[PDB]
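K.L.:
Quick one: the structure is below, and I'll ask about it shortly.
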Amino acid sequence: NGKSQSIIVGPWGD
Amino acid sequence: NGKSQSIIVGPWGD
Amino acid sequence: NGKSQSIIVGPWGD
Amino acid sequence: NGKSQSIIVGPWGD
Amino acid sequence: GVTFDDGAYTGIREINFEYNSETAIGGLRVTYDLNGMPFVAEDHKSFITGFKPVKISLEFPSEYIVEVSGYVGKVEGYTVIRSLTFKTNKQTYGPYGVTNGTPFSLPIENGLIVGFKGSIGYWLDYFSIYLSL
Amino acid sequence: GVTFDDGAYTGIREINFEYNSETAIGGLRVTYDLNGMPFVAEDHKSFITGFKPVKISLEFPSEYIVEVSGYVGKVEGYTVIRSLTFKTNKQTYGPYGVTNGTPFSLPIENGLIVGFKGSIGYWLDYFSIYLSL
Amino acid sequence: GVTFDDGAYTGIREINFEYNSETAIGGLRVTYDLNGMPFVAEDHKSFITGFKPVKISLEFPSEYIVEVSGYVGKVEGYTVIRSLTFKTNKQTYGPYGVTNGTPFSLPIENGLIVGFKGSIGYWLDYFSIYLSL
Amino acid sequence: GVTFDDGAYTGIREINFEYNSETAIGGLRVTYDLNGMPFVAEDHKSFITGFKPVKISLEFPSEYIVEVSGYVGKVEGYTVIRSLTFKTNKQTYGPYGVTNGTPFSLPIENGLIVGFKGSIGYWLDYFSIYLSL
Ligand SMILES: CC(=O)N[C@@H]1[C@@H](O[C@@H]2O[C@H](CO)[C@H](O)[C@H](O)[C@H]2O)[C@@H](O)[C@@H](CO)O[C@H]1O
Ligand SMILES: CC(=O)N[C@@H]1[C@@H](O[C@@H]2O[C@H](CO)[C@H](O)[C@H](O)[C@H]2O)[C@@H](O)[C@@H](CO)O[C@H]1O
Ligand SMILES: CC(=O)N[C@@H]1[C@@H](O[C@@H]2O[C@H](CO)[C@H](O)[C@H](O)[C@H]2O)[C@@H](O)[C@@H](CO)O[C@H]1O
Ligand SMILES: CC(=O)N[C@@H]1[C@@H](O[C@@H]2O[C@H](CO)[C@H](O)[C@H](O)[C@H]2O)[C@@H](O)[C@@H](CO)O[C@H]1O
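Protein chains in written order, with the numbering used here: chain A, 3 to 16; chain B, 3 to 16; chain C, 3 to 16; chain D, 3 to 16; chain E, 13 to 145; chain F, 13 to 145; chain G, 13 to 145; chain H, 13 to 145.
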């Protein structure tokens with residue numbers, strides 16, 4: 003789709 | 003320069 | 003999926 | 003540095 | 013002309029620009045998507061008036077640009093962008109302006125336009141495109 | 013807690029957050045860089061007060077975060093982020109909070125933090141980091 | 013130890029490494045995906061033997077790693093990676109080794125591991141991960 | 013023609029291709045950089061002979077391509093790439109072939125070409141470029 007994607011690391015805290 | 007860059011996380015173990 | 007994606011421009015020549 | 007980089011194509015119009 | 017650089021965002025929601033069927037492309041103002049919110053960038057105005065405006069409202073995020081093309085030529089001796097065409101996965105907007113001169117095209121096989129930069133004086137002098145996944 | 017997602021930007025200029033030496037991390041508000049301009053994101057507030065605030069003003073763009081670390085533990089039965097430490101290429105800010113529990117660390121060899129997302133109730137429940145070149 | 017850096021590829025197909033329930037992680041050799049083809053990288057050997065090997069064959073491309081975690085601790089005075097766990101979207105491989113010491117974890121919300129680098133002497137001294145969309 | 017897709021790598025070290033001053037571009041074979049090592053990709057051959065070859069050896073990594081341009085036109089009724097020009101930060105290689113027809117250009121303000129894909133029959137039918145930081 004038209005939404006730019008990002009690298010996301012985590013979550014921390016679970 | 004002409005070298006492709008990368009996202010690098012770490013190091014772990016120090 | 004597990005396949006790394008790339009930005010691809012073109013094609014030129016059609 | 004701390005500035006995020008981007009792939010930029012062009013310019014067209016020169 | 014006055015240079016501008018909107019920088020990068022996460023997508024495109026709307027593109028408004030001027031054109032003159034006798035001369036070239038004029039000013040332009042892009043409304044980007046910034047993490048799900050519409051973000052209206054700065055209006056990059058032409059030094060003059062007399063243009064016809066076009067407002068391309070994309071059905072974000074299902075609709076996105078897959079190709080930008082147009083023509084480059086001289087107007088009053090200045091090399092400028094005389095015409096523009098924006099093709100999305102849903103339809104084609106344009107051509108707008110004068111389709112004469114040297115053609116250019118940026119088809120995108122994979123990736124997204126996430127920003128624009130360039131220069132505008134009496135007309136759009138030139139422009140560059142930010143690409144990102 | 014209430015989930016939040018600031019999304020991605022082009023860098024970090026300032027990070028403001030709360031901490032309680034007896035409990036855990038509270039609310040947080042990040043000021044990002046958005047194409048050269050400071051962009052103050054939404055304030056993700058704690059459901060309560062009684063915290064000590066810390067304001068980390070980074071010397072953008074020469075200074076940037078190279079590691080985020082901290083501790084995760086329970087407070088009133090809830091698993092939350094109890095402590096945080098932000099190391100930049102210039103200095104170290106922290107630890108702030110309670111350095112007890114399970115440690116975590118995200119050292120960055122190459123790349124930049126460009127966004128934060130997570131959840132905050134009485135305390136910071138959890139968080140994720142956006143990374144980009 | 014001897015440093016190594018496999019660099020970046022387009023995915024992971026197989027990960028083979030050694031471990032000793034009494035000491036730590038030993039050598040490792042990764043088989044990456046390189047544009048649809050399996051690419052066996054260099055074997056980064058331990059300076060010694062006596063390890064138990066593990067071969068993780070991922071169902072590429074439907075299966076991919078979503079988290080790498082483990083423990084860091086001292087063995088004969090050297091700070092090394094004593095245990096490793098690889099969680100994919102399909103299952104969990106590990107823990108392998110000694111789950112004692114300081115824990116670390118790299119959960120991946122979005123993105124892929126596309127390379128490994130580090131150092132190995134008698135044991136895996138340390139390692140870094142390449143991330144990419 | 014027979015389609016090909018070299019995929020993505022970490023840079024370009026050498027580009028070898030054929031051209032005929034009377035017709036168009038023929039086959040091509042790219043030597044990429046793969047994490048510091050030269051990686052010779054598959055030879056995408058023309059269905060015929062009679063071409064003049066050109067071998068562009070780039071001074072990797074100090075030298076890199078900043079623009080690819082050329083001409084598209086018909087040869088025996090087939091729309092193909094008739095000419096190519098590769099401009100680097102150090103010099104310009106080309107034009108090679110027939111500079112007649114519709115021009116195209118991909119100037120790169122920031123970023124690198126890291127792969128090629130396309131189709132080749134008697135001549136280079138079309139091609140796409142992989143871009144990455
Ligand atoms: C002062 C100004 O902006 N003039 C505009 C033109 O810009 C001049 O163009 C020349 C080109 O040789 C050169 O790049 C110079 O730096 C520019 O100032 C140009 O933009 C023109 C057409 O749109 O409009 C003038 O107003
Ligand atoms: C209503 C609310 O947001 N309560 C906050 C807690 O959230 C609950 O936590 C449980 C965990 O088992 C579960 O995830 C649920 O969806 C949450 O509502 C939690 O954030 C807590 C500690 O910060 O504060 C409460 O206010
Ligand atoms: C010569 C060699 O590689 N020895 C290995 C150890 O490496 C030494 O570790 C120290 C740490 O203080 C220092 O980093 C030095 O540069 C290294 O040579 C180490 O890898 C050890 C445990 O795996 O094995 C030795 O063989
Ligand atoms: C069988 C074959 O590959 N023929 C080559 C041509 O390909 C045909 O081109 C048409 C175009 O209308 C169509 O795309 C078809 O799928 C192709 O097979 C073409 O590549 C030509 C010029 O290089 O050479 C033929 O050998």
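Idealized CB from N, CA, C, for every residue including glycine.
1) I need the straight-line Cα distance from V87 (chain F) to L96 (chain E), nearest angstrom please.
2) Output the distance between the C-alpha atoms of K102 (chain G) and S33 (chain G), rounded to the nearest integer angstrom.
3) Using the beta-carbon count (16 or more within 10 Å), is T35 (chain E) buried or exposed?
4) For the beta strand (DSSP E) containing residue 214 (chain E), list its first residue and its last residue.
5) Suppose you measure from the CA of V110 (chain H) to the CA of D45 (chain F); what does that come to, to the nearest Å?
6) Taking CB distances under 8 angstroms as the criterion, tell me whether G123 (chain F) reaches chain B.
7) Taking C-beta to C-beta, are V126 (chain E) and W14 (chain D) nearer than 8 angstroms?
8) For the stretch 92 to 122 of chain E, list every residue whose C-beta sits within 8 angstroms of some C-beta in chain C, in sequence order.
9) Give me the Cα-Cα distance between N3 (chain A) and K64 (chain G), rounded to the nearest whole angstrom.
10) Going by C-alpha to C-alpha distance, which of H:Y142, H:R41, H:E75, H:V78 sits closest to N28 (chain H)?
11) Taking the beta strand (DSSP E) that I77 (chain E) belongs to, which residues open and close that run?
12) Scan the stretch 21 to 103 of chain E and note each continuous beta strand (DSSP E) run of 3 residues or more that stays entirely inside, going in chain order.
13) Mind the definition here: the stretch 51 to 60 of chain H touches the stretch 130 to 137 of chain H only if three or more C-beta pairs lie below 8 angstroms; say whether that holds.
14) Which residues in the same chain as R25 (chain H) place their Cβ atom closer than 7 angstroms to its Cβ, once the five residues preceding and following it in sequence are excluded?
15) Taking Cβ-Cβ distances shorter than 8 angstroms, what residues in chain A pair up with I141 (chain F)?
16) In chain order, what residues of the same chain have a beta carbon less than 6 angstroms from the beta carbon of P119 (chain H), not counting five sequence neighbours either side?
17) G130 (chain F): beta carbon under 7 angstroms from a heavy atom of ligand 2?
18) CB of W135 (chain F) to nearest heavy atom of ligand 2: below 7 angstroms?
19) Using a Cβ-based criterion (distance less than 7 angstroms to any ligand heavy atom), does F59 (chain E) qualify as near ligand 1?
20) Shorter than 8 angstroms from the beta carbon of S144 (chain E) to some beta carbon of chain A?
21) Run through the DSSP bridge pairs and tell me what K129 (chain F) is partnered with.
22) Looking at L124 (chain E) and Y76 (chain E), is the spacing between their C-beta atoms short of 8 angstroms?
23) Taking the alpha carbon of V14 (chain G) as the point to measure from, which residue in G:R94, G:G38, G:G106, G:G89 has its own alpha carbon closest?
24) Determine the chain A residues that contact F72 (chain E) at a beta-carbon separation under 7 angstroms, and present them in chain order.
25) Beta strand (DSSP E) containing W135 (chain G): first to last residue?
26) Taking only three categories from DSSP, how would you classify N122 (chain G)?
27) Does the beta-carbon of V92 (chain H), which I'm using as the reference point, lie nearer than 7 angstroms to any heavy atom of ligand 4?
28) Kindly indicate which residue of G:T104, G:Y134, G:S81, G:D18 has the alpha-carbon position closest to the one of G89 (chain G).
29) Taking DSSP as the reference, what is the three-state secondary structure of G12 (chain C)?
30) Rounded to whole angstroms, what is the Cα-Cα separation between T114 (chain F) and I93 (chain F)?
31) Anything in chain G within Cβ reach of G130 (chain H), meaning under 9 angstroms, just list it in chain order.
32) For residue 183 (chain G), which residues of its own chain have a beta-carbon under 6 angstroms away from its beta-carbon, when the five flanking residues on both sides are left out?
33) Return the chain-ordered list of same chain residues with a C-beta closer than 6 angstroms to the C-beta of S117 (chain F), the five sequence neighbours on each side being excluded.
34) State yes or no: is the beta carbon of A20 (chain F) nearer than 8 angstroms to at least one beta carbon in chain A?
35) Answer with yes or no whether the minimum CB distance from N47 (chain F) to chain E is below 8 angstroms.
36) Decide if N112 (chain F) is buried, meaning its Cβ has at least 16 other Cβ atoms within 10 Å, or exposed.
P.N.:
Taking the geometry as given:
1) CA-to-CA, the gap between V87 (chain F) and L96 (chain E) works out to about 59 angstroms.
2) Taken atom to atom, the span from the alpha-carbon of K102 (chain G) to that of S33 (chain G) is near 25 angstroms.
3) Classification of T35 (chain E): buried, given that the 10 Å Cβ count is 16 or more.
4) This structure does not reach residue 214 (chain E), given that chain E is present from 13 up to 145, and the question cannot be answered.
5) Taking the straight line from one Cα to the other gives about 47 angstroms.
6) For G123 (chain F), the answer is yes, since a Cβ of chain B falls inside 8 angstroms of its Cβ.
7) Taking 8 angstroms as the Cβ cut-off, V126 (chain E) and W14 (chain D) do not qualify as a contacting pair.
8) For the stretch 92 to 122 of chain E, which is checked against every Cβ of chain C, the residues closer than 8 angstroms are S117, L118, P119, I120, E121, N122.
9) Straight-line Cα distance between these residues: approximately 46 angstroms.
10) Of H:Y142, H:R41, H:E75, H:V78, the residue nearest in Cα terms is H:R41.
11) Per DSSP, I77 (chain E) belongs to the beta strand (DSSP E) from 77 to 87.
12) Fully enclosed beta strand (DSSP E) runs of 3 or longer: 23 to 31, 37 to 46, 49 to 52, 64 to 69, 77 to 87, 90 to 100.
13) Touching, per the Cβ criterion.
14) Only residues of its own chain outside the window of five on either side were considered, and among them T43, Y44, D45, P50, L70, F72 have a CB closer than 7 angstroms to the CB of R25 (chain H), listed in chain order.
15) When 8 angstroms is used as the limit between beta carbons, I141 (chain F) is near these residues of chain A: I10, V11, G12, in chain order.
16) These residues qualify, in order along the chain: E79.
17) Incorrect: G130 (chain F) has no Cβ contact closer than 7 angstroms to ligand 2.
18) Answer for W135 (chain F): yes, Cβ within range of ligand 2.
19) Yes, the Cβ of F59 (chain E) comes within 7 angstroms of a heavy atom of ligand 1.
20) With 8 angstroms as the cut-off, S144 (chain E) counts as an interface residue toward chain A.
21) The beta-bridge partner set that DSSP reports for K129 (chain F) consists of F:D17, F:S140.
22) Closer than 8 angstroms, so yes.
23) Sorting G:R94, G:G38, G:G106, G:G89 by C-alpha distance to the C-alpha of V14 (chain G) places G:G38 at the top.
24) The contacting residues are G4.
25) Note, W135 (chain G): premise wrong, no beta strand (DSSP E); not H, not E.
26) DSSP, read as helix, strand or coil, puts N122 (chain G) in strand.
27) Ligand 4 approaches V92 (chain H) closely enough that one of its heavy atoms is under 7 angstroms from the residue's Cβ.
28) Across the set G:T104, G:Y134, G:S81, G:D18, the C-alpha of G:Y134 shows the shortest separation from the C-alpha of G89 (chain G).
29) In the structure shown, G12 (chain C) sits in a strand (DSSP, three-state: E or B).
30) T114 (chain F) and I93 (chain F): Cα-Cα distance of roughly 10 angstroms.
31) Taking the beta carbon of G130 (chain H) as reference, no residue of chain G falls within 9 angstroms; the closest one sits roughly 14 angstroms away.
32) Residue 183 (chain G) is absent from the model: chain G starts at 13 and stops at 145.
33) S81.
34) So, interface residue.
35) For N47 (chain F), the answer is yes, since a Cβ of chain E falls inside 8 angstroms of its Cβ.
36) Its Cβ having fewer than 16 others within 10 Å, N112 (chain F) is exposed.
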